[PDB]
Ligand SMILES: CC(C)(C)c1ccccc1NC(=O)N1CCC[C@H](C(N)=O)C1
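In the form solved without the ligand, a lone chain appears below as structure tokens.
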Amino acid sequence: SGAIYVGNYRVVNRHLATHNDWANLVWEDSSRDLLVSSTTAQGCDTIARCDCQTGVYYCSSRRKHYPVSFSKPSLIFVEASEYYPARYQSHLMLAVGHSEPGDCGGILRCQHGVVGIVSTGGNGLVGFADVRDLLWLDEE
């Protein structure tokens, strides 16, 4: 589990979204496994605006933050998981590392802020849903 709290937005994995998230929906995209809902309180996370390929992610299933290199956000074929069939997922970045279903929502961060959240796992790889192209999270 986990979210990003920027401005009056909450960013979560679409497959973990709550009733309250859908009842306060701003934007969602199945293909990216992302959903954004509106918040009453201001959040304090900063979204990275960069093309970094190194950062640190939180892995709840190891209680550890791991430094990783990660790929450019792309359309990647993902194996079936407990929450999606095998499919193409867009705006996904891979690293070599551990990720199980409960790790979804863990933050990937670089020197510029939050890059994205854990979304995929298995096969010795971790996949992150990028948020750096969602420039509207910085305003409004």
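The first residue of the shown sequence is 1; numbering continues from there. In this text, the rigid core denotes the largest set of C-alpha atoms whose superposition between the two forms falls within 1.5 Å.
Undergrad: Using the B-factors recorded in the PDB entry, average over the C-alpha atoms of 19-27 and of 112-120, then report which stretch comes out higher.
TA: Taking the mean B-factor of the alpha carbons in each, 19-27 is higher.
Undergrad: Determine, for stretches 83-91 and 102-110, which one has the higher mean CA B-factor as deposited.
TA: Mean B over CA atoms: larger for 83-91.
Undergrad: Choose from 34, 68, 44, 48 the residue with the greatest Cα B-factor as stated in the PDB record.
TA: Checking the PDB record, the top C-alpha B-factor among 34, 68, 44, 48 is at 44.
In what follows, reference is made to the form solved in complex with the ligand, a form of this protein that is not presented.
Undergrad: Where the ligand sits in the entry with it bound, superposed onto the shown form by the site's C-alphas, are 3 or more of its atoms within 2.4 Å of backbone or C-beta (blocked), or none (open)?
TA: Check flagged, pocket reads blocked.
Undergrad: Please check if residue 101 has a heavy atom lying within 4.5 Å of any heavy atom of the ligand in the entry with it bound.
TA: Judged by the heavy-atom cut-off of 4.5 Å, residue 101 is in contact with the ligand in the entry with it bound.
Undergrad: Residue 87: heavy atom within 4.5 Å of the ligand in the entry with it bound?
TA: Answer yes; at least one heavy atom of residue 87 falls within 4.5 Å of the ligand in the entry with it bound.
Undergrad: Output the sequence-ordered list of residues from 1-33 with at least one heavy atom within 4.5 Å of the ligand in the entry with it bound.
TA: The stretch touches the partner through 15, 33.
Undergrad: With a threshold of 2 Å on the C-alpha, tell me if residue 37 counts as moved between this form and the one not shown once the core is superposed.
TA: Stays below the 2 Å threshold, so no.
Undergrad: Tell me, please, whether between this form and the one not shown the C-alpha of residue 27 is shifted by 2 Å or more, with the rigid core used for superposition.
TA: Shift of 2 Å or more: no.
Undergrad: Can we say the CA of residue 89 moves by at least 2 Å between this form and the one not shown when the core is superposed?
TA: No, the C-alpha position differs by under 2 Å between this form and the one not shown.
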